[PDB]
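Here is the structure we will look at, set down as structure tokens.
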Amino acid sequence: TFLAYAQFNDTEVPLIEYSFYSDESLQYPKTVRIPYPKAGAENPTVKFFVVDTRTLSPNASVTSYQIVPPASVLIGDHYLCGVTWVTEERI
Amino acid sequence: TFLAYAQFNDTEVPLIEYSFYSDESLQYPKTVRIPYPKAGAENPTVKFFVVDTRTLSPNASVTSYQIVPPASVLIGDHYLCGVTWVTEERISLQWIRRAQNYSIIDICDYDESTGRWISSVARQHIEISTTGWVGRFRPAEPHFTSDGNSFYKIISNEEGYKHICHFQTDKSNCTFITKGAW
Ligand SMILES: *[C@@H]1O[C@H](CO)[C@@H](O[C@@H]2O[C@H](CO)[C@@H](O)[C@H](O)[C@H]2NC(C)=O)[C@H](O)[C@H]1NC(C)=O
Ligand SMILES: *[C@@H]1O[C@H](CO)[C@@H](O)[C@H](O)[C@H]1NC(C)=O
Ligand SMILES: *[C@@H]1O[C@H](CO)[C@@H](O)[C@H](O)[C@H]1NC(C)=O
Ligand SMILES: *[C@@H]1O[C@H](CO)[C@@H](O)[C@H](O)[C@H]1NC(C)=O
Ligand SMILES: *[C@@H]1O[C@H](CO)[C@@H](O)[C@H](O)[C@H]1NC(C)=O
């Protein structure tokens, strides 16, 4: 019935950058860039959504609900570390 | 339960512009700009949506469904000209081609399992004019029975006179209930 998913936002996470040389034919090395938070750095933020797939249709909007963490976690930086479907109506 | 609304898009409609002088204290006149389609110009486009208000919540997206006109109208420029709620699960939409000599009523039913509003050829009613335009200024509106199984609507007689015709929601032929040179 439902499709739950997480969205990660790495906008403020610093980028680690390093050269990748590739095949010998590549004249100029490329630079790989990855949002990677080192100790104490700005972290990705996360949002969790539950989509009701019963209404998905070409001319319908997506019915979705955002589930936010409890106040004791919402307070500061946090991570979503687990998801378990219990029944069709409980997550 | 539902809130239906139309969205008008005037992106490509040219603007009429004219000066507005305002109070004598205004040192420089203002230029008013309005998207206004003159004869033959690009027209606004329309989208019709039905919103299910039951799910409205700050942390929820909006649940809505766009109902498009029937194929014979969707085919070219058109206008939405009428919206009539029949029951909580049936809505009547009246569309008209830009030429305005061909209109169609599309009666859509809410499908509880998917939230879609479904149309069917059996529930569509066409009104055309070979000698002019449809209706007086626009096609007349349908007046449904409590159950929504039929409706009454003013249309032109075989004699050219506007009279009340009785339609079955799922049948194409109607029966005139009034007649005469008036
Ligand atoms: C309003 O209508 C205009 C078209 O007149 C839409 O603009 C187009 O948008 C798509 C998707 O963003 C682009 O690929 C096209 O290039 C745009 N065309 C032009 C001429 O701008 C616009 O998206 C519509 N707006 C809404 C909210 O429906
Ligand atoms: C991602 O986070 C940035 C702030 O760091 C914010 O400006 C932006 O809107 C977010 N993007 C989305 C889609 O949530
Ligand atoms: C969805 O809308 C498009 C026009 O935007 C139309 O071609 C299509 O038939 C619609 N889908 C259905 C099945 O109603
Ligand atoms: C909706 O999101 C807000 C975010 O501030 C949160 O406070 C609220 O608890 C959420 N709704 C509920 C109770 O699920
Ligand atoms: C409606 O008017 C257009 C002219 O814009 C014409 O092409 C078409 O044949 C007319 N249709 C009818 C039913 O008279």
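List of remarks:
- Close pairs (6 angstrom Cβ cut-off, 6 or more residues apart or separate chains): more than 11 Å from residue A:91 (Cβ to Cβ) in region A:1-12, assigned to a strand (DSSP E or B) and more than 16 Å from ligand 3 (Cβ to nearest atom) anywhere: A:3/A:51; A:5/A:49; A:6/A:46; A:6/A:48; A:7/A:47; A:8/A:46; A:9/A:45; A:10/A:35
- Checking the stated criteria, residue A:6 turns out not to satisfy the condition of being within 30 Å of residue A:74 (Cβ to Cβ), away from ligand 1 (no atom under 16 Å from the Cβ) and not in a strand (DSSP E or B).
- Condition met for residue A:46 (touching a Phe, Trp or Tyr at 6+ places or on another chain (Cβ under 9 Å), within 14 Å of another protein chain (Cβ to nearest Cβ), β-branched (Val, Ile, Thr) and not in a loop (DSSP other than H, G, I, E, B)): no
- Checking residue B:54 against (1) within 14 Å of another protein chain (Cβ to nearest Cβ); (2) in contact (Cβ under 8 Å) with a residue 40 or more places away in the chain; (3) buried (at least 16 other Cβ atoms within 10 Å of the Cβ), the condition it does not meet: (3)
- No other residue among A:87, A:45, A:31 is within 30 Å of residue B:110 (Cβ to Cβ) and either under 14 Å from the mean Cα position of the chain (by Cα) or β-branched (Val, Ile, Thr) (or both) apart from A:87.
- Matching residues in region B:80-101 - criterion: being free of Cβ contacts under 8 Å to residues at least 40 places away in the same chain, surrounded by 14 or more Cβ atoms within 10 Å (Cβ to Cβ) and out of contact with any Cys (no Cβ under 7 Å at 6 or more places or on another chain): B:89, B:97, B:100, B:101
- Those residues of region B:57-75 which are away from ligand 3 (no atom under 13 Å from the Cβ) and surrounded by fewer than 19 Cβ atoms within 10 Å (Cβ to Cβ), in sequence order: B:57, B:58, B:59, B:60, B:61, B:62
- Residues of region A:9-43 classified as assigned to a loop (DSSP other than H, G, I, E, B) and of a type outside the set (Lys, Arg), total: 21
- Residue that is nearest to the chain's Cα centre (by Cα) [pool: residues in region B:90-127 that are aromatic (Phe, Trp, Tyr) and closer than 17 Å to residue B:66 by Cα]: B:95
- Considering the conditions (1) within 16 Å of ligand 4 (Cβ to nearest atom); (2) farther than 20 Å from residue B:64 by Cα, residue A:12 is excluded by exactly one of them, (1).
- Residue match in region B:102-112 (condition: surrounded by fewer than 17 Cβ atoms within 10 Å (Cβ to Cβ), more than 23 Å from residue A:61 (Cα to Cα) and touching a residue at least 24 places away in the same chain (Cβ under 8 Å)): no
- With respect to (1) within 15 Å of ligand 2 (Cβ to nearest atom); (2) more than 14 Å from every other protein chain (Cβ to nearest Cβ); (3) not hydroxyl-bearing (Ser, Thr, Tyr), the lone exception for residue A:7 is condition (2).
With ideal geometry, Cβ positions are generated from the backbone for all residues, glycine too; neighbour counts draw on all protein chains shown. Where a number appears in this text, it was derived from the coordinates with a stated rule and is not lab data.
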